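# Report on the structure
Letter by letter, the chains look like this.
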Amino acid sequence: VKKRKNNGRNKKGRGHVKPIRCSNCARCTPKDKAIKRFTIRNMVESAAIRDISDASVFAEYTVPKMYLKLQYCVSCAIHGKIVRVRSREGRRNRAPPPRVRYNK
Amino acid sequence: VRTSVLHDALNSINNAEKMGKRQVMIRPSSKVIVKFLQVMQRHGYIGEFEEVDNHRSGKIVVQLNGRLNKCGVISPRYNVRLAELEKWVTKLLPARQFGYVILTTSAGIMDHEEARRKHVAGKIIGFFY
Amino acid sequence: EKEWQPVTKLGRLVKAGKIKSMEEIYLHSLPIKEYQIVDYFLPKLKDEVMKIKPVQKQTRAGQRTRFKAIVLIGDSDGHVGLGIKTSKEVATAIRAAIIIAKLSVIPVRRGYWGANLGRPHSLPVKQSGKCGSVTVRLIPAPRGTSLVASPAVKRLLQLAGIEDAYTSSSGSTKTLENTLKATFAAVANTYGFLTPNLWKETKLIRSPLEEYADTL
Amino acid sequence: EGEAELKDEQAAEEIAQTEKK
Amino acid sequence: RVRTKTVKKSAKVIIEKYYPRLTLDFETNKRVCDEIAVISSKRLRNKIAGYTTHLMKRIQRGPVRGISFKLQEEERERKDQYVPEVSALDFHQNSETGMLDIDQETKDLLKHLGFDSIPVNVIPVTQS
Amino acid sequence: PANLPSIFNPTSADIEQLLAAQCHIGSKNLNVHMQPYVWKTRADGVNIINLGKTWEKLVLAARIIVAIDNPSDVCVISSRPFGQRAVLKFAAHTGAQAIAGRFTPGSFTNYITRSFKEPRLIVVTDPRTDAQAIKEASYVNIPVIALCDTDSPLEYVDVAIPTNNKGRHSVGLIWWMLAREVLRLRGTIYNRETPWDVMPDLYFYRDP
Amino acid sequence: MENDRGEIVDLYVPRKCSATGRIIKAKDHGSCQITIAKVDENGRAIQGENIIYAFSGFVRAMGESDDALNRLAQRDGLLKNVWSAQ
Amino acid sequence: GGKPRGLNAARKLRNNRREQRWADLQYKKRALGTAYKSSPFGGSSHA
RNA sequence: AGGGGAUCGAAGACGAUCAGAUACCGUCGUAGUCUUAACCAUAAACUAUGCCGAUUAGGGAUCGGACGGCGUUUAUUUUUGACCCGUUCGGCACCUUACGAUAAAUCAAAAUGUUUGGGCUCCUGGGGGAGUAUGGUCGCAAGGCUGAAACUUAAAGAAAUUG
Ligand SMILES: [Zn+2]
């Protein structure tokens, strides 16, 4: 039986695609099959910003950000709880989850 | 490629009738197609049809009124004697009372019942009931 | 046991004798939901149970067993039907099965082979039906031959009033439940075939429900 | 195994009515 | 401490049958229930009285869905005949002028039907 | 005009209320089956319904209602808040039962439920939001009449009245005109020319 | 209808769909009848006079009953300029 | 599906049936005469 | 057979773990990994779905070309380019639906098939023995193509339901 209509790959209209290296176990997987996450964060955590802020010599200062793109094989994706198993009917839903914008 | 214009015309009619429409369009027109429709028309299975004349081959627009179950074509035109004509009506006709099998003979194309009256045989080309 | 109380509007009209015969219901295609309607119009309907087969279900303690019954009825004069119901008790299932069979009674169309001389004996045309990998085909036959079929489907045709026919089967016919349901669908479609003798236009009349006023 | 109550059923007719010795 | 269906179901019918006979006081409500009901336990009677006096406290400020008594209905259908003196559809009295505003291609529809005499104002509509 | 005289024309008064209630405004999505009831599409905007064709279907729907022997066999349905009051008022003026709010599925199929009905005709405010009512009608042979917008399913919908179907005023006004026509064909109003004494705003909705 | 010596032998004669002409079978739930009243000269509804139509379940499921009724109603002179062929 | 259907294709149809007839097990043992060769009885009933 | 040989790393040598560990983990490391001139012809070489032609239902996205239009932007500025609206031809795909099909999972084809015929090529006939023995042919070799019999057995297998 086919578990997924797209074979869980997202590759139709071509024959080959170069692989990539997993960011955790350094495995080789096709680029279209890997799970990709883009992350934007600050250099320092929010509790430490005040100590840096008042120790500067430039009056008001803005700590820079850091930009990373991590990408995993499926075996490392669901062991680190990046994604998890869904139900049979809930599998066919590709909308990104609604991030909480009120936080109680 | 197009190897039997007769099959294309009969197939297109069957699809439209099964879905309940009232009119059909046929892109290529030939003498055998027109002579086939006339046999159906004389028994009330269709209404008027008209053949618009473009300079290539012309088209046909047939008017349907229900009453039609199926119309098919036999692709290899076998040779049938007069004595074995009763084998075919047993095969591809729902009942003995009604239905027609179309033949082609040296006296024009005709249904299986008048050909018995004229005592003539030939080749088989299709059926409708 | 005692007199029944009609629950639907149609049931009240039947009790008051406002409709002539069951074919009046058939002509207007009205649903039937009360088994007291059928036996009021069609007495002497014979019933005969086919077989009972157990079905299992696995649970923590053990296995749970239920009994399934198949029952078909008919009058040998153009009416036939069947029903299937399962229950925890053998006797209970049979009683409930007969009720479902009565609700599904349908008419059949009988024609002639060749020339007509009264009292049609065979099917008018050849018809077939399919129910889950089983196909049954029926062919009209000349007068004189009997019914040529397996014992399972010969019984159903006997109660429908059909006298002469030819039969053909395909697929896995060992599934008795599927075989009977396929035959029942083929006979039901006899009135759905438009023969040339039915081309004559008919007059539309109002249904009995609309023009009668029911009691309170 | 529904053969317990066929002795005194009288509410249905079986196919092969079992003759008794 | 959650009340089951038997206490809640019995409390609903008491309120609608006898609304004015019992009041916000818990002590008085205790004596109304046992007179107009058949309860075989004092503890069950106490719980019934506790819930019904709580229900009328929230009834005092706005009605609650699931509760209906005679005084509430009669007030409801008194309000449902409310009707203004000038119709909202009527526009001769409304607006600084009687004539109203429409767009261009609606008037062409009016011309097709023949009702040209209707006083309207046409304004072009396009954003692109 | 083999079966209708010329006294059925819309007249200037009836039309004047229709375009003042925004009954000629449709949605952007256009169903293929609703193409005939479209006059033109607005440049950079919505479709526009043909009000002239609206009157003929409204009269035809009313003529079907009168044919019913006893008025209690007609049923009128509404679920959205904008149509609750208009349905109840329609039931009071004529003879009809009204179902407002939840439908309690199984009403037309189960014979032991409290709200068991055996109607001969069904009138529905919105086919999309009242799909359950239409679905059960297909089981027991009842024709369906419904108010439809530019986009709406038309399965098992024999008669369709093109209207806004979503406006506050539009939904109420159409139900009012339908009631007036039913009484006109009977002897209640006694004349086409005489005006009715009930005000159109009575068939509206109120927030509390 | 069938005959042997000129007398009908069919159990009953079924009806036909008005839109397509197919026979409406028994137990075909979803098939309805539409009755339209007949009005007199002054607008009142004549009692006992009406026009009857029948539609099969097949055409209703497709969603074509609205257009089918318009063509039939206009043909019997019940409506004006609402249905046409392009 | 996929058979030759023309009016002059009697050679292909006859050849095809001869080749595929060997896939049958009952016919294959009859044509090769294994009973005459390998069976302890010389193709007879008793011994 | 020559050139090149940074990085990884079949074989090999050690350190731990373990009752044992010729492995998983760690430090080294040869052929190979790259290129020129010649051989080899096999992959879950997969959409497990052969090729040509006709007909059958609604929708919104997208890539390439043409045609029509209200505006904005902009240049030695117009015509062109960028954005917006609509029609059409040719593609990689998707959502809903079932009049249809199937054992089912599911499918705009896997539909127009018991009411069975538009044209053409190849392959399969219960499970093992077995892609094995032998003969032939191609290759430097590893191997490729073609391909049995004796004997043995009442079940292997597919889709879904409850534990
Ligand atoms: Zn990994």
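This deposited entry lists cryo-EM as its structure determination method and 3.1 Å as its resolution.

## Here we look at the coordination of the zinc ion
Residues and elements named next belong to chain A. Looking at the metal site, the zinc ion is ligated by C22 (SG), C25 (SG), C73 (SG) and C76 (SG), spaced 2.3 Å from it. Classification of the site at the zinc ion rests on its 4 donor atoms, whose angles at the metal span 105 to 121°, yielding the label tetrahedral. Of note, the zinc ion draws all its donor residues from one chain, in the sequence arrangement C-x2-C-x47-C-x2-C. Of the two residues, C25 is situated in the loop between β1 (19–21) and β2 (28–30) and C73 in the loop between β4 (65–72) and α2 (74–77); the sequence distance between them amounts to 48 residues.

## A word on helix α5 (residues 104–113) of chain E
If you check which residues of α5(E) are buried, you get E:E105, E:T106, E:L109 and E:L110. Seen from one end, α5(E) has its buried residues packed into an arc of 160°, which puts them on one side. Buried residues in α5(E) make contact with β1 (100–103) of chain E together with β1 (40–41), β2 (47–48) and α2 (51–66) of chain F. A positive phi of about 100° marks E:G114, the residue just after α5(E).

## Remarks on the nonpolar core
Side chains of a nonpolar character, in soluble globular proteins, are inclined to be buried together. In this structure, F:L18, F:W175, F:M177, F:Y203 and G:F55 are the most contacted members of the largest nonpolar core, which totals 60 residues. Apart from the residues within four sequence positions on either side, G:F55 is in contact with G:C17, G:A19, G:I24, G:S31, G:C32, G:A68, G:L69 and G:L72. Of all hydrophobic cores here, the second largest spans 26 residues; its members include C:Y26, C:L30, C:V49 and C:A93.

## Some words on the sheet that holds strand β4 (residues 106–107) of chain C
Hydrogen bonds between backbone groups are what pair the strands of a sheet, and the pairing can be parallel or antiparallel. Residue and element names in this part refer to chain C. Read across the open sheet, the 4 strands follow the order β1-β2-β3-β4; overall the sheet is antiparallel. Two strands lie at the open edges of the sheet, namely β1 (46–55) and β4, each paired on one side alone. On the sheet, helix α4 (residues 90–103) packs against β1, β2 (66–74) and β3 (79–87) and is oriented at approximately 145° with respect to β3. Along the sheet, helix α5 (residues 151–159) contacts β1, β2 and β3; its crossing angle with β2, the most-contacted strand, is approximately 40°.

## Overview of a positive patch on the surface
Residues and elements named next belong to chain E. A surface patch of positive charge is lined by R1, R3, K8, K12, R43, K47, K57, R58, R61 and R65. Those elements that place two or more of their residues in the positive patch are α1 (5–17) and α3 (42–59). With 4 residues, α3 is the single largest residue contributor to the positive patch. Mapped onto the secondary structure, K12 falls in helix α1.

## Remarks on the pattern of salt bridges
Under the defined criterion, the tally for this structure stands at 23 salt bridges over all chains. For C:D214, the salt bridge goes to C:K9, with nearest N and O atoms at 3.9 Å. Linking C:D214 in the segment after α7 (208–211) with C:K9 in helix α1 (residues 9–15), this pair joins segments that are 205 residues apart in sequence. When its relative accessible area of 33% is taken as the criterion, C:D214 is described as partly exposed. Judged by relative accessible area, which is 10%, C:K9 ranks as buried. Between F:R42 and E:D103 there is a salt bridge, with its nearest N and O atoms 3.0 Å apart. On the criterion of chain membership, the pair formed by F:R42 in the loop between β1 and β2 and E:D103 in strand β1 is interchain, its members lying in two chains. Within this structure, C:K9, C:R12 and C:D214 form a network of salt bridges that share partners.

## Let's talk about the protein's contact with RNA strand I
As a matter of local geometry, RNA strand I sits amid 45 residues, with B:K70, B:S75, C:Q58, C:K130 and H:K12 nearest to it. Of what RNA strand I places within 4 Å of the protein, 80% of the atoms are sugar or phosphate. Taking B:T3, its side chain carries an N or O atom lying 2.7 Å from a sugar or linking oxygen of RNA strand I. One of the side-chain N or O atoms of C:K130 is found 2.6 Å from a phosphate oxygen in RNA strand I. Elements supplying a minimum of two residues to the surface near RNA strand I: α1 (5–18) of chain B, β5 (127–130) and β6 (134–140) of chain C together with α1 (10–20) and α2 (25–32) of chain H.

## Considering the packing of aromatic side chains
Under the counting rule described, the total for this entry stands at 15 aromatic pairs over all chains. Note on E:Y19 and E:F69: the rings are 3.8 Å apart at their centroids and 20° apart in plane angle, and the pair reads as stacked. Residue E:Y19 is located in the loop between α1 and α2 (26–35), and its partner E:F69 is located in the loop between α3 and α4 (70–79); the two are separated by 50 residues in the primary sequence. The residue whose ring lies beneath F:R192 is F:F8, and the NZ or CZ to ring-centre distance is 4.8 Å. The cationic tip of H:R21 hangs over the ring face of H:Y27; the distance from NZ or CZ to the ring centre is 4.4 Å.

The rules behind these values
Residues numbered from 1 in each chain as written, not as in the entry; some residues may be left out. Chains lettered and ligands numbered in written order. Part of a larger assembly, values for the part shown. Heavy atoms only, no water. Residues with missing side-chain atoms left out of burial classes, pairs and counts. Donors = N, O, S within 2.8 Å, 3.2 Å for Na, K, Ca; no water. Tetrahedral: all angles 85-135°; square planar, octahedral: opposite > 155°, others 65-115°. Helix = DSSP H or I, 4+ residues; strand = E, 2+ residues; numbered from the N terminus. Buried < 20%, exposed > 50% of the residue type's maximum accessible area, 1.4 Å probe, protein only. Arc of directions from axis to C-beta. Contact = heavy atoms within 4.5 Å. Core = buried A, V, L, I, M, F, W, Y, C linked by side-chain atoms within 4.5 Å. Pairing = 2+ DSSP bridges. Axes fitted to C-alpha atoms, helices over the stretch in contact; angles between N-to-C directions. Patch = residues over 30% accessible without salt bridge, like charges linked within 9 Å, V, L, I, M, F, W, Y side chains within 5 Å. Areas by Shrake-Rupley, 256 points an atom, 1.4 Å probe, with all protein chains shown as cover. Salt bridge = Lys/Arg side-chain N within 4 Å of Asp/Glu carboxyl O. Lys, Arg positive; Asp, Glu negative; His and termini not counted. Charge placed at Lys NZ, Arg CZ, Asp CG, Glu CD. Near = heavy atom within 4 Å. Polar contact = N/O pair within 3.5 Å; in protein donor to acceptor, adjacent residues only side chain to side chain. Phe/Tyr/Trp six-rings, centres within 6.5 Å; stacked < 30°, edge-to-face > 60°. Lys NZ or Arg CZ within 6 Å of the ring centre and 35° of its normal.

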